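Trainee:
Protein chains: 2
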Amino acid sequence: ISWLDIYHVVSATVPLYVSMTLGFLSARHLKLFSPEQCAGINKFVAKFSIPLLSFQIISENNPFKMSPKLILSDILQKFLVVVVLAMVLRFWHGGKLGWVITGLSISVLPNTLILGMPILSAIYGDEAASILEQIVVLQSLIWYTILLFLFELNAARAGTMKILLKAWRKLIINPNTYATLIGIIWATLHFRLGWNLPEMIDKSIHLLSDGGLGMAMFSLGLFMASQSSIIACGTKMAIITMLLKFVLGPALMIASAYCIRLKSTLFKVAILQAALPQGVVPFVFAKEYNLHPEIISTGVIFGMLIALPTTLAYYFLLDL
Amino acid sequence: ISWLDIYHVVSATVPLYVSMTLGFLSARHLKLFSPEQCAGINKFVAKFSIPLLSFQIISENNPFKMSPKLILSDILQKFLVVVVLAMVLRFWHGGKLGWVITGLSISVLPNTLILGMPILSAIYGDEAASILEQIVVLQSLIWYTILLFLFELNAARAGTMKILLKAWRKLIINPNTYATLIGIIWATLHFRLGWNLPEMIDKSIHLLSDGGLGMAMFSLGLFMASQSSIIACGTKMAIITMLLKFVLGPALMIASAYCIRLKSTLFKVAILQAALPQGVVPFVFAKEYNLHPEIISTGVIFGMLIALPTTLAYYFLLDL
Ligand SMILES: CCCCC/C=C/C/C=C/CCCCCCCC(=O)OC[C@H](COP(=O)([O-])OCC[N+](C)(C)C)OC(=O)CCCCCCC/C=C/C/C=C/CCCCC
Ligand SMILES: O=C(O)COc1ccc(Cl)cc1Cl
Numbered sequence: 002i003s004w005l006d007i008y009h010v011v012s013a014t015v016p017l018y019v020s021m022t023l024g025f026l027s028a029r030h031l032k033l034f035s036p037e038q039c040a041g042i043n044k045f046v047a048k049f050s051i052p053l054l055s056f057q058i059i060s061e062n063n064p065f066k067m068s069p070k071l072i073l074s075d076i077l078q079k080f081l082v083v084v085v086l087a088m089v090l091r092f093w094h100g101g102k103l104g105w106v107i108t109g110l111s112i113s114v115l116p117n118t119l120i121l122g123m124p125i126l127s128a129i130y131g132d133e134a135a136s137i138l139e140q141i142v143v144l145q146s147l148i149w150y151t152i153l154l155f156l157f158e159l160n161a162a163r164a206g207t208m209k210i211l212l213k214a215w216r217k218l219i220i221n222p223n224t225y226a227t228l229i230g231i232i233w234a235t236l237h238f239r240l241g242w243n244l245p246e247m248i249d250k251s252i253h254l255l256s257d258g259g260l261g262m263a264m265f266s267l268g269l270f271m272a273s274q275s276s277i278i279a280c281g282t283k284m285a286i287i288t289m290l291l292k293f294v295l296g297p298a299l300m301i302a303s304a305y306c307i308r309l310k311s312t313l314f315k316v317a318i319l320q321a322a323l324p325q326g327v328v329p330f331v332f333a334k335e336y337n338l339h340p341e342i343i344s345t346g347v348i349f350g351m352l353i354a355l356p357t358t359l360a361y362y363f364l365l366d367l
Numbered sequence: 002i003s004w005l006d007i008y009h010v011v012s013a014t015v016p017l018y019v020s021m022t023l024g025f026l027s028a029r030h031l032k033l034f035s036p037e038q039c040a041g042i043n044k045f046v047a048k049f050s051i052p053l054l055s056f057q058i059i060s061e062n063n064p065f066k067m068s069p070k071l072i073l074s075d076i077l078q079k080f081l082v083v084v085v086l087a088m089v090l091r092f093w094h100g101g102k103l104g105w106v107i108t109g110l111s112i113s114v115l116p117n118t119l120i121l122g123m124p125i126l127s128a129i130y131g132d133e134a135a136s137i138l139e140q141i142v143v144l145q146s147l148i149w150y151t152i153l154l155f156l157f158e159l160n161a162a163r164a206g207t208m209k210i211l212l213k214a215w216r217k218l219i220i221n222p223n224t225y226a227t228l229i230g231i232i233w234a235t236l237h238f239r240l241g242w243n244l245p246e247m248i249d250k251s252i253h254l255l256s257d258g259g260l261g262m263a264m265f266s267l268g269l270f271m272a273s274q275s276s277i278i279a280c281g282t283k284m285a286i287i288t289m290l291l292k293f294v295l296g297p298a299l300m301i302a303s304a305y306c307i308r309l310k311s312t313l314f315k316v317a318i319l320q321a322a323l324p325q326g327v328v329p330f331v332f333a334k335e336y337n338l339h340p341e342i343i344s345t346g347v348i349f350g351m352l353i354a355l356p357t358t359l360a361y362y363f364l365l366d367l
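From first to last, the protein sequence lines are chains B and A. If you use PDB author numbering, the first sequence corresponds to residues 2 to 94, 100 to 164, 206 to 367, in order. If you use PDB author numbering, the second sequence corresponds to residues 2 to 94, 100 to 164, 206 to 367, in order.
#1: Less than 8 Å between the CB of A/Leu115 and some heavy atom of ligand 2, yes or no?
#2: Across which residues does DSSP place A/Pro116 in a beta bridge pair?
#3: Evaluate A/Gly281 with the Cβ neighbour count: other Cβ atoms within 10 Å of its Cβ, from every protein chain shown; 16 or more gives buried, anything less gives exposed.
#4: Name, please, each residue of chain B whose Cβ falls closer than 8 Å to the Cβ of A/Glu37.
#5: Residue range of the alpha helix (DSSP H) that B/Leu5 falls in?
#6: Please report the straight-line C-alpha distance between A/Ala162 and A/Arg216, rounded to a whole angstrom.
#7: Less than 7 Å between C-beta atoms, sequence neighbours within five positions excluded: which residues of the same chain meet that for A/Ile342?
#8: Determine, using beta carbons only, whether A/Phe45 comes closer than 9 Å to chain B.
#9: If we count Cβ pairs, one from each stretch, closer than 8 Å, do we get three or more for the segment 118-127 of chain A versus the segment 220-231 of chain A?
#10: Using a beta-carbon distance below 9 Å, is A/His30 in contact with chain B?
#11: Any C-beta of chain A sitting closer than 9 Å to the C-beta of B/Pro16?
#12: Using alpha carbons as the reference points, say which of B/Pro356, B/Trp105 and B/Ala164 lies closest to B/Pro324.
#13: Below 9 Å between beta carbons: does that hold for B/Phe332 and B/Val347?
#14: Spell out whether any CB of chain A is found under 9 Å from the CB atom of B/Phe56.
#15: Can you list, in chain order, the residues of its chain with a C-beta nearer than 6 Å to that of B/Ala226? Leave out the 5 residues immediately preceding and following it.
#16: Would you identify the three-state DSSP class for A/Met284, choosing helix, strand or coil?
#17: Using the rule of at least 16 other Cβ atoms within 10 Å of the residue's Cβ for burial, across every protein chain shown, is A/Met88 buried or exposed?
#18: I think A/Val327 touches A/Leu267, with their Cβ atoms under 8 Å apart; what is that distance to the nearest whole Å?
#19: Are the beta-carbon atoms belonging to B/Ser20 and A/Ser251 less than 9 Å from one another?
#20: By the DSSP assignment, the alpha helix (DSSP H) with A/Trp242 in it spans what residues?
#21: If we count Cβ pairs, one from each stretch, closer than 8 Å, do we get three or more for the segment 251-261 of chain A versus the segment 250-265 of chain B?
#22: Candidates B/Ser146, B/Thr14 and B/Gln274: which alpha carbon is nearest B/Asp75's?
#23: Give me the Cα-Cα distance between A/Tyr336 and A/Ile152, rounded to the nearest whole angstrom.
#24: I need the straight-line Cα distance from B/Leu159 to A/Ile129, nearest angstrom please.
#25: At the 9 Å Cβ level, is A/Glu335 part of the contact set with chain B, yes or no?
#26: Would you kindly report the start and end of the unbroken alpha helix (DSSP H) that includes A/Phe265?
#27: If you run the structure through DSSP and keep just helix, strand and coil, what is A/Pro69?
#28: Under 8 Å from any heavy atom of ligand 2, does the C-beta of A/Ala272 make it?
#29: Of all the residues that make up the segment 236-255 of chain B, which are near chain A by a beta-carbon distance shorter than 7 Å?
#30: When DSSP labels each residue in this structure, what does B/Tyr305 get in the three-state scheme?
#31: Do we get a CB-CB distance below 9 Å when we pair residue 174 of chain B with the residues of chain A?
#32: Return no unless some Cβ of chain B is closer than 9 Å to the Cβ of A/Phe265.
#33: Should B/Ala161 be listed as close to ligand 1, given that the test is whether its C-beta is under 8 Å from any heavy atom?
#34: Nearest-angstrom Cα distance between A/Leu309 and A/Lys66?
#35: Sorry if obvious, but does the Cβ on A/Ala214 come closer than 8 Å to a heavy atom of ligand 1?
#36: Note down, in chain order, each residue of its chain lying with its Cβ closer than 7 Å to the Cβ of B/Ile58, except the 5 sequence neighbours on either side.
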């Protein structure tokens, strides 16, 4: 672990905190944004920035050149996490479905796009970049849509066939689903027939997509200024939010990798990626749907602080 | 002229119209955003994105390698538009000072920060970038401050030290002022001593500044949707606002360019930049001070529509 490699991690993490700070200061000390305005900014982030980012992620990779072992391992990890959460909730802590979503939003949705590429590139070779790209594409194609479907189903519940039909009806109009579908279609078209996206469309998409992550962090800092303080999540809930993200998710990912027989850099990069801090998109969704938005906030705040400790610990463990 | 050039300009301009149309549809038709949410988004873009973009543009300029001929041309463009507005108003339309500010907020304040770099950097490549950034620096450092002082003087007119003090107090709480000062200082340091911005700070600034143009157009579209109609005022003061920007301003700028003997790209760019539609800061000042906010809004809304039609015309004309 070269000392100059810690500089890379810190440089990848600090910018995601500068915007968050700016937002917190604007909301609390400057009293610049009212709660309605913060909700509107978050809605813009969730409706225009995230769909375009997902489209770009999905439309810039080879759908037919993708490690199937990586896909199977990710699916197995997600299924195992869902099963474990369902089993635990049955005996621990009504409103059980609301906690299954809040578990997947802090367990099986890392932030490999921002904090993953630099950390893995510094600690591993170029192949890790491709593996992380594939993981991000999968989580922005399948998992980010399944999470939205679950959110819609939870909102509708607040006779079963009617609820499912309502959830599907509300999902089909969601920008994220259409963005993902168009992204996959364009990816296959461009990588089979060689079609290239016209410049007037690529630039238009980039203009809105660009700066979306800064806006998401701004919204995260804005929402954290309307809570009790910085750990409004609580004391025990904040402690378990990290055992779910750095002690259970990584273990289940290791189990999935063992089951799928991963033996390559597709192992030391497939497991380490699962120990990275939480993403911002899960918060962007959990605050628009108002499903425990305080639990996926302190987790984000305190996950990028311990990213380096836990990541280096897992790196040492894998080598041993 | 070749159709390829016309197509290049159209492609450069299309994304900035797609963002505006998306914002307008989201506000009015799709009804994603409530008026409070739209106001919050406008405040965010005007407080965090625009100042950072201004700082970046200013820092990407060389104070010691400016063009004094361009400086003089820009100062004489806004000094004989005053001598043409103080003479016409003598024989046309009490409120000479009020109308002069409204006449200056239209003719000689192009939007060279949001809609000037993209279009012109594409029409003439990267050569025009230096000229546009120099003009942006000048209008952010001198002309906006003078406009603020004139607005304060008009407000107090319906001693001088009190007006200057009020202008200074209101100028210190403006993010644009701090952004411009810091950008000038950093450009001086970088281009004299050779210092380089740290990677962390650069990435943090880019996180928010990247989306400062697409989101600016989105906010413009939201504002257009907020207004009741395109032509808020009457035709009498609507067919004159366009002629005060696409006929009088460019003509008086061509006169300045001939007096100062500007030649080459510094001419085809120095006149073309004056034909761009009006900015939004003058509208903000007019709304805050309530100085004819129904004409400065009409101009800003009806120039964004016919910018490309009236920009291709000047592009074709100047080639001869
Ligand atoms: C050197 C750092 C100077 C920091 C300047 C801050 C000074 C603090 C000001 C104190 C005066 C008290 C009044 C403060 C109000 C302005 C706040 C502000 O101005 O806050 C930054 C601004 C956002 O203000 P606001 O709109 O949110 O609220 C302000 C509007 N109202 C008042 C309505 C809420 O917008 C921005 O982000 C500005 C972005 C451009 C500045 C980027 C600085 C980068 C640093 C460059 C220098 C680097 C040198 C190399 C050295 C490297 C090693 C260290
Ligand atoms: O540069 C300009 O004159 C216009 O750019 C803007 C566009 C939208 C908003 Cl809110 C603020 C600004 Cl300054």
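From the three backbone atoms N, C-alpha and C, an ideal C-beta is built for every residue, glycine too.
Mentor: Looking at the coordinates:
#1: yes
#2: A/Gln325
#3: exposed
#4: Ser35, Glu37, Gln38 and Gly41
#5: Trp4 to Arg29
#6: 15 Å
#7: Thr108, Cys280, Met284 and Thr288
#8: yes
#9: no
#10: no
#11: yes
#12: B/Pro356
#13: no
#14: no
#15: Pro52, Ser55 and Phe56
#16: coil
#17: exposed
#18: 7 Å
#19: yes
#20: Per DSSP, A/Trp242 belongs to no alpha helix (DSSP H) and is neither H nor E.
#21: yes
#22: B/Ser146
#23: 15 Å
#24: 50 Å
#25: no
#26: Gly261 to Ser273
#27: helix
#28: no
#29: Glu246, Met247, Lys250, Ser251, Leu254 and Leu255
#30: helix
#31: Because chain B is numbered from 164 directly to 206, the model contains no atoms for residue 174 of chain B.
#32: yes
#33: no
#34: 17 Å
#35: no
#36: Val142, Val143 and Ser146
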